[PDB]
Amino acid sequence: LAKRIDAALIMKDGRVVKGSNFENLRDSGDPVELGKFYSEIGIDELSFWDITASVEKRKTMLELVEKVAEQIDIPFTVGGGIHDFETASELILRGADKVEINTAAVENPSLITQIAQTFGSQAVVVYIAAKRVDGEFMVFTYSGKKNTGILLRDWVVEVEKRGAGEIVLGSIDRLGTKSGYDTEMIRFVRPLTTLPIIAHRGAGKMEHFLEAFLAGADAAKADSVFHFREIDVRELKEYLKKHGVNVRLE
């Protein structure tokens, strides 16, 4: 397949957290308008991650999914506190193509299988946040607050066994940096799974995306570098095509 470029949007109370610099938009903090714009200039898939306070979270997330599905024609994923099958199910039925889970999947891996039984493996994305600890890649939950003691190597294999469709590999060792994706981690994981691997954390310039695809990533996901216009999505795709990467061009 072609290599995918994904844009992630953090959301709270129906707004893009910290907005975006796209002066041309009516509302640069409007997740729907911004995702529609990204879909027009060349992003392949969108991810939305909600951090709304529990009282309004369920209906805020369902309303977002509904508005996005009407307005955009590329696949999109929703996540943020999805803890059970009925919550994932209503978000998929309401419009999302995929649901993203992490901590809830670590604590109950059968939740992967439960969702895949009704919506297909392709509807399940498992985010794996990993960090070096004493020379081993370990899995972390609760926004990186908890070292689970589960080896990355073992969790990847279990996630595919349980029926997940894709893995987002987020390197806590690259959080808040602009040094590049964790290509050592990507090369570690690549021989362990047949599933699509989405690289996350570390992006600072176009060349980093090339490095991630040489490391075996099937997609690369970024956020602030896009929203704050440090990297132009069309220039990135032109750059990657120029140097031999198969990406989808318009």
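Residues carry their position along the shown sequence, with the first being 1.
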item: Stretch with the higher entry mean CA B-factor, where the candidates are 68-76 and 124-132; value: 68-76
item: Of 173-181 and 99-107, the stretch whose C-alpha atoms average the higher B-factor in the entry; value: 173-181
item: Top residue by Cα temperature factor, when 46, 41, 198, 189 are compared in the entry; value: 41
item: Third of the chain's Cα B-factor distribution that residue 149 belongs to, per the entry; value: middle
item: Third of the chain's Cα B-factor distribution that residue 9 belongs to, per the entry; value: middle
item: Residue 163 CA temperature factor, ranked by third within the chain; value: middle
item: Residue 216, C-alpha B-factor rank within chain (lowest, middle or highest third); value: lowest
item: Chain-wide C-alpha B factor ranking for residue 62, given as lowest, middle or highest third; value: highest
